[PDB]
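# Tertiary structure, described
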Amino acid sequence: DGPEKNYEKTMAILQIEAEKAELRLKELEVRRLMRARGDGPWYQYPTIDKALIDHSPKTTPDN
Amino acid sequence: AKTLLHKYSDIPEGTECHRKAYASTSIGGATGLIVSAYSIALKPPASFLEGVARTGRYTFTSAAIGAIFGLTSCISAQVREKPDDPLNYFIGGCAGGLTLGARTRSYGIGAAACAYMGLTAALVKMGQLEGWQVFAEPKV
Amino acid sequence: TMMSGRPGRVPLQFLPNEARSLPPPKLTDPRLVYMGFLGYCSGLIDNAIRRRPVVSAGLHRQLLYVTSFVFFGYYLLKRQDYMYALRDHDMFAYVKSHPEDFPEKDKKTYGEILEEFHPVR
Amino acid sequence: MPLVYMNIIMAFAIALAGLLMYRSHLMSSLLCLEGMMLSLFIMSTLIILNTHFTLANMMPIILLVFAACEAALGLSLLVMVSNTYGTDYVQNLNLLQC
Amino acid sequence: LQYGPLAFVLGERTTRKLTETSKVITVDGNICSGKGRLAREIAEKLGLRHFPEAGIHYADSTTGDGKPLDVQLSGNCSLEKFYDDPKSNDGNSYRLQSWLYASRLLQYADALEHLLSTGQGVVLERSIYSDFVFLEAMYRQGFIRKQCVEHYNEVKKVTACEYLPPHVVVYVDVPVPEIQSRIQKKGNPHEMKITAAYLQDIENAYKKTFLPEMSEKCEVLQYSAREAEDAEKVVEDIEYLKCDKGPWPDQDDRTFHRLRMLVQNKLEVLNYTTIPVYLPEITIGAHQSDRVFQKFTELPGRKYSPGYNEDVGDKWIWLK
Amino acid sequence: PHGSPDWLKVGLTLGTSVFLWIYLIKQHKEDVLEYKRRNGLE
Amino acid sequence: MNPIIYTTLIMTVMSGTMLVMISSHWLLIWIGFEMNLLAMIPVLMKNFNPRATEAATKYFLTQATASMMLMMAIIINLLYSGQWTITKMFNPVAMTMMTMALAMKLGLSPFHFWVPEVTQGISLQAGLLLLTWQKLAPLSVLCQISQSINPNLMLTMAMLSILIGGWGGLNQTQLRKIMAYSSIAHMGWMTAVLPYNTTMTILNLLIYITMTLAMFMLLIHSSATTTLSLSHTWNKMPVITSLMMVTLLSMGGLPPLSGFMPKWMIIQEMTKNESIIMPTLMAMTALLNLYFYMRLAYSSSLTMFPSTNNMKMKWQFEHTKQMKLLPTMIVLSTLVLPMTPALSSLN
Amino acid sequence: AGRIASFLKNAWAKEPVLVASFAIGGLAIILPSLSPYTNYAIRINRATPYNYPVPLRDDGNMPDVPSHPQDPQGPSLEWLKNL
Ligand SMILES: CCCCCCCCCCCCCCCCC[C@@H](O)O[C@H](CO[C@H](O)CCCCCCCCCCCCCCC)COP(=O)(O)OCC[N+](C)(C)C
Ligand SMILES: CCCCCCCC/C=C\CCCCCCCC(=O)O[C@H](COC(=O)CCCCCCC/C=C/CCCCCCCC)COP(=O)(O)OCCN
Ligand SMILES: Nc1ncnc2c1ncn2[C@@H]1O[C@H](COP(=O)(O)OP(=O)(O)O)[C@@H](O)[C@H]1O
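Looking at the method and resolution fields of the entry, one finds cryo-EM and 3.3 Å.

Right, dumping it as structure tokens:
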């Protein structure tokens, strides 16, 4: 075939790989920040559910 | 614990040769005691006296190796006037291997220990310079 | 990543409802073909172990192996695609919600950037 | 942390050391295990009663039951060993080696 | 539905089928005795099933066609060569002895499987027990070495520590000159080369060791040449005695199930007959083993599983 | 041994394979229809 | 034993493991461990003999000590924070003691001594169950509290386990001891990535379970315990020896076989956390596992050892009992590298 | 029917203790689900005051809550007294 086919195929491939590399760097940074802080959906370790607490008079005023 | 490592690391590399030698001797003695305890637990030789002789010889060998390594490394660092150079640690490691060979009394162990201890000491110095991590914290 | 504690997660659901918002894998997917190939290999090995004509001992058994492998492969591919979509969605949402930690790089041109040149001699 | 808890943990550690020393008489090993269990029972009972954690009063009894079951199991094994050797010395179990 | 743990779980209990008539019996005698004739009569009268003595080609009879295979493919030994050259340099004596012992072990396993599956008893010739007398005769005469009998003892103990000894042992006693005359009358060209010392060693190895060992745990019926002709008295003696000293009364449904699982699946039965001890008489080089196995595979019904042979005539191959 | 082709097992295996294939085809069709519905393609 | 009793004991073992995995209370987890230990002992003693009894008593002693240590750790954690839920340990001493308890249960060095002897004494079937099924409860518990475990202790124990498994596997001749040391080394590999990513731990566990199930089923199929008994196999079922050699190559970490997937992936994860020296050390150590696997392959399939005459009779009989899932196990343990990304299923 | 009766007759001879034990156990298992007094036992257990009854704060929209113990509103234990 002609050179334009290989030229444009290489251009598309280069775009795909560059986007993938940038996405991988962003993923690593996001993971590091998320584990360090814990304010995102990832790395949310469970805590005690508050629906288990009994809110009723307890035979003693001071709980 | 980690107190002995802190004592060794607090001293500057190019000064206080005697204190460095004492810290290295303490570390070597601790390692010798641990390995002697393991050997005693896993292989009770014949009695109490042979056991105490074995633990004494192991601890003395390890302490001598550590003392020689520390003294030689610090002396080389001072004399060369070039601190933070892994070459000093390489010389210290080879000297320690040489004393290990002399204690075991065979040239093969002496040469192999010189090579494989100078290499390890140089790698440790390089890691200390570049901040290499052995037990890395869980970043990501 | 540890998406185990992700909020609003059903404890024992293979495929959540939102996973239906993604395109299902094609039936001619190369990975599905690979699962079919694995099933065929399992059939051939089963024939070999039992000391039977390897190629043509049990056609029904080989067909069942292939079909089971394709079934499990299809569902596994759906779950994998859903999980990767979740990861990308969380990534983009977090990078949008924290602009301070991901500043826009000041775009520069190679003309005004000095890179050291090391000749090869 | 008062001295009672410290003494109980010291007792548990002493019993563990006795179990791991292994002079002879596997029955002594079982006795050391059950001493560790008794120390666990005492410590758990004190902790649970001190804080008035009412629903946790079940925990010691349950514990004891299970542990006693294990003891029974252990005894059975010991018996078989003796029935194969005539005595329960620990050093006789040396057929298998690393 | 072949027998298995599931069948035992639902219905298959083997203690119901035993009806006091099983009474596995082994008829043992000296070479060229009347025991074979006697064994057949006992099985006929008692309603049991007679198993002919296991030979070189016994295993070939139970697998595939009953027609025996080539000597090279099954046994690699011959009895006539043993009679002609007992001190053969190529170790034929041990190879014959081991092949015969393993064949007898397979026959005993088959007999036990039949007894447990059906409940009808069996009658046997020389079993795995009493087979050691031929080994002792060979060793004392100098045919085989000491390492030979050591390996045989190891294999025998490992294989026989898992089977129930027979209920009744029947022994036919014939004096050495009488059996020598019988051998001369037989006319088999190789058999008159049997030395009298060999037969004497067989007989005294029978009497000194095997008989007391069977007596201490089982019932022994020592019969002379004349009194063994009348099978009626033999059967009456069999009925009259009661078995209460062996392990058979102590067996239960679970132990019988374990034994029935062991007797079938012949690979486990023969598993320890090929222990990796390298005696020059039994070991085979890699090239010889490869060539012989390749030649074995080219047999008509031996390339694939029993039901998957096209040349034999099995059809519907692609749907089995 | 002397075994004929067990038609029961063969029938069960063929039925299982055919049922699994039909179920997979139907599930794929429903999944693509649901995806096109959710994304507003068709 | 009776088949019904054996089935009941197996159900009880599985129920104990399930109770450990699905429970959110420390007491219930301890109860599950006790039930598992209680029902697991007769499985070792199914074939009664002195070796089985000694192995069972060693296993019982080790497991009972581990359970007592685990309960003491639970008690201390409750003392310093009145919480029963399995979460952050809230105490360093309790975490250390619980880590030792779970190491004893798993078999990580220096608590590894019991594994080779227990595997050697007990049968192949018992060994297969012990090697793969037992690991699931302690590994689940460790995964549930991975955010609190001290990286130094876990990492040094994993490194020691890899070293010990690699060194001890070289000397052994019996296949069961080789499998025990292989399990020790694989668990050293698998527990090293716990502080970083538990998904890699689960993936390595699944791959290791598949590989060891395939290898144990192959060893049961050709009833061989020592190396020479395995060398004799080629004369009867060469296909079994070939499949076993392929599985052994897979278990050594050779690409493109499936056994390369975990190690590689695990290394990748420890490279994300700037841990470089340790993955290199564990790779050069796994070279020893590869060496003794290669020696076994040389003995088994790649060369033809001398046979025995009686083996001729074994040519005429076929394997009466066929174990299902063996071909599937072999295929899953050999040719699943191209589907590596499926690990995102959080398996 | 006949076989079951014959088996029960056989067991009542030469083994009466087991028959009595099984009969008593079966009766103890079965009967409580049929007795009409079990709800009475539950109500009696519920009516025993172990803790102090904490009064509610009045907001003008509690007609079912009595303002005094003597007031007719509230649960009554006349059914227990009649028992
Ligand atoms: C060889 C590789 C391993 C193969 C393993 C055997 C394959 C057959 C298994 C059959 C299906 C497995 C599970 C059955 C489906 C129903 C169970 C389902 O509900 O479980 C879900 C989960 O599904 C399973 O986890 C996924 C199973 C898929 C395993 C294959 C991955 C292997 C990756 C590399 C090999 C590629 C595949 C090769 C061919 C199979 C629930 O997840 P969740 O309760 O919320 O999270 C629990 C885990 N946590 C606690 C860590 C968060
Ligand atoms: C569902 C309720 C269960 C709970 C109630 C019972 C709890 C406690 C009672 C049971 C304790 C364990 C019982 C163990 C049973 C073992 C059976 C056994 O093996 O014994 C047989 C003998 O027992 C039998 O005969 C079989 C069972 C006997 C009868 C079982 C129950 C019969 C029916 C019970 C209900 C009756 C009908 C109700 C009538 C209601 C009134 C009109 C063997 O006799 P040996 O003592 O060993 O020999 C010594 C002499 N050589
Ligand atoms: N272990 C053995 N070694 C050598 N020969 C054996 C062995 N077992 C059986 N035989 C041979 O089997 C033949 C038949 O045995 P025998 O009962 O004496 O003759 P018959 O069957 O006519 O009654 C004998 O010629 C005997 O040599």
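Anyway, onward from the coordinates.
## Observations regarding the UniProt feature "binding site: Mg(2+) 1" (unreviewed entry) in chain E
All names here are of chain E. Listed under "binding site: Mg(2+) 1" (unreviewed entry) in the UniProt record, and renumbered for this structure, are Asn 30 and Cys 32. Residue classification places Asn 30 among the buried positions, given a relative accessible area of 1%. Along the chain, the position of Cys 32 falls in the loop between strand 1 (25-29) and helix 2 (35-46). For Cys 32, a relative accessible area of 27% gives the class partly exposed.

## Considerations on the nonpolar core
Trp 26, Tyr 59, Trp 84 and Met 98 of chain G are the most contacted members of the largest nonpolar core, which has 170 residues in total. With 17 residues, helix 3 (residues 50-80) of chain G is the largest single contributor of residues to this core. Those residues in contact with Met 98 of chain G that lie beyond four places of it in its chain are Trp 26, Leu 70, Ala 73, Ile 74, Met 89 and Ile 145 of chain G. Counting 68 residues, the second-largest nonpolar core is a separate cluster that includes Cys 77, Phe 210, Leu 211 and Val 263 of chain E.

## Let's talk about empty space enclosed by the protein
The gaps of empty space that remain are located by a probe, the size of a water molecule, rolled over the atoms. Taken as a whole, the largest cavity holds about 100 Å³ of empty space. Elements with a contribution of two residues or more to the lining of the largest cavity: helix 2 (26-44), helix 3 and helix 7 (136-144) of chain G. With three residues, the single largest contributor to the lining of the largest cavity is helix 2 of chain G. Its residues placed into classes, the lining of the largest cavity shows seven nonpolar, three polar and one charged. Considered as a void within the structure, the second largest cavity measures approximately 80 Å³ in volume. Around the second largest cavity sit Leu 33, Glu 34, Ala 67, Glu 70 and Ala 71 of chain D together with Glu 34, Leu 37, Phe 60, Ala 64, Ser 67 and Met 68 of chain G, which together line it. At the level of secondary structure, the elements contributing two or more residues to the lining of the second largest cavity comprise helix 2 (26-50) and helix 3 (58-85) of chain D together with helix 2 and helix 3 of chain G.

## So, the side chain of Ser 289 of chain E
With respect to the secondary-structure elements, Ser 289 of chain E resides in helix 13 (residues 286-297). The exposure class assigned to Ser 289 of chain E is buried, which follows from its relative accessible area of 3%. Contact partners of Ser 289 of chain E, with chain neighbours within four places excluded, come to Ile 284 of chain E together with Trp 234, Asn 235, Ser 307 and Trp 315 of chain G.

## Digging into the interface of chain B and chain G
The interface is formed by eleven residues belonging to chain B together with 14 residues belonging to chain G. Summed over both partners, the interface of chain B with chain G comes to about 1,200 Å²; 60% of that surface belongs to carbon and sulfur atoms. Looking at the side of chain B facing chain G, the largest losses of area belong to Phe 135, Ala 136 and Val 140 of chain B, adding up to 43% of the total buried there. Taken together, the connections running from chain B to chain G amount to one salt bridge. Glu 274 of chain G is paired through a salt bridge with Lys 139 of chain B; the nearest N and O atoms lie 2.4 Å apart. Summed over the shared surface of chain B and chain G, the result is four residue pairs in polar contact. Grouping the constituent residues of the side of chain B that touches chain G by class yields eight nonpolar, one polar and two charged.

## Considerations on the state of the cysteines
Residues and elements named next belong to chain B. Across all of its chains, the model carries one disulfide over all chains by this definition. With its sulfur 2.0 Å from that of its partner, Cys 94 forms a disulfide with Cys 114. The sign of the -95 degrees torsion about the S-S bond sets the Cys 94-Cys 114 disulfide as left-handed. Of this pair, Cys 94 sits in helix 4 (residues 86-104) while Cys 114 sits in helix 5 (residues 107-130), and the two are 20 residues apart along the sequence. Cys 114 sits in the buried class, given a relative accessible area of 14%. The thiol of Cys 74 is unpaired, and the distance to the nearest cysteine sulfur, on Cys 17, comes to 3.6 Å. Given the relative accessible area of 1%, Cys 74 is considered buried.

## Focus: the packing of helix 2 of chain G against helix 3 of chain G
Residues and elements named next belong to chain G. Their axes nearest at 10 Å, the elements helix 2 and helix 3 cross at an angle of 175 degrees. Taken together, the axis directions place helix 2 and helix 3 in an arrangement best described as roughly antiparallel. Side by side, helix 2 and helix 3 meet where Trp 26, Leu 27, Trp 30, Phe 33, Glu 34, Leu 37, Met 40, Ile 41 and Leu 44 of the first sit next to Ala 52, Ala 56, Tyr 59, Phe 60, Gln 63, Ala 64, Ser 67, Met 68, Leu 70, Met 71, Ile 74 and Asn 77 of the second.

## Quick notes on the site of ligand 1
If you check the shell around ligand 1, you find 19 residues, and the closest are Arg 9 and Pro 11 of chain C together with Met 339, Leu 346 and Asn 347 of chain G. More than one chain approaches ligand 1, the contributing ones being chains C and G. In this structure, an oxygen atom belonging to ligand 1 sits 3.2 Å away from a side-chain N or O atom of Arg 9 of chain C. The separation between an oxygen atom of ligand 1 and a polar main-chain atom of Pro 11 of chain C is 2.7 Å. Considering ligand 1 on its own, with 1,100 Å² of exposed area, one finds that the protein chains cover 69% of that surface. The set of elements that each furnish at least two residues to the shell around ligand 1 consists of helix 2 (59-97) of chain C together with helix 10 (198-221) of chain G. With five residues, the single largest contributor to the shell around ligand 1 is helix 10 of chain G. Split by residue class, the shell around ligand 1 holds 15 nonpolar, three polar and one charged.

Parameters at a glance
Residues numbered from 1 in each chain as written, not as in the entry; some residues may be left out. Chains lettered and ligands numbered in written order. Part of a larger assembly, values for the part shown. Heavy atoms only, no water. Residues with missing side-chain atoms left out of burial classes, pairs and counts. UniProt positions renumbered as here; feature names shortened; annotations may be inferred. Buried < 20%, exposed > 50% of the residue type's maximum accessible area, 1.4 Å probe, protein only. Helix = DSSP H or I, 4+ residues; strand = E, 2+ residues; numbered from the N terminus. Core = buried A, V, L, I, M, F, W, Y, C linked by side-chain atoms within 4.5 Å. Contact = heavy atoms within 4.5 Å. 1 Å grid on protein atoms, 1.4 Å probe; cavity = no way out; pocket = protein on both sides within 12 Å on 5 of 7 lines; lining within 4 Å. Points joined across faces, edges and corners; volume = space filled by probe spheres on them. Nonpolar A, V, L, I, M, F, W, Y, C, P; charged D, E, K, R; others polar. Buried area = accessible area lost by both parts, 1.4 Å probe. Salt bridge = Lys/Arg side-chain N within 4 Å of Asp/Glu carboxyl O. Polar contact = N/O pair within 3.5 Å; in protein donor to acceptor, adjacent residues only side chain to side chain. Disulfide = S-S within 2.5 Å. Axes fitted to C-alpha atoms, helices over the stretch in contact; angles between N-to-C directions. Parallel < 35°, antiparallel > 145°, perpendicular 65-115°, else oblique. Near = heavy atom within 4 Å. Areas by Shrake-Rupley, 256 points an atom, 1.4 Å probe, with all protein chains shown as cover.

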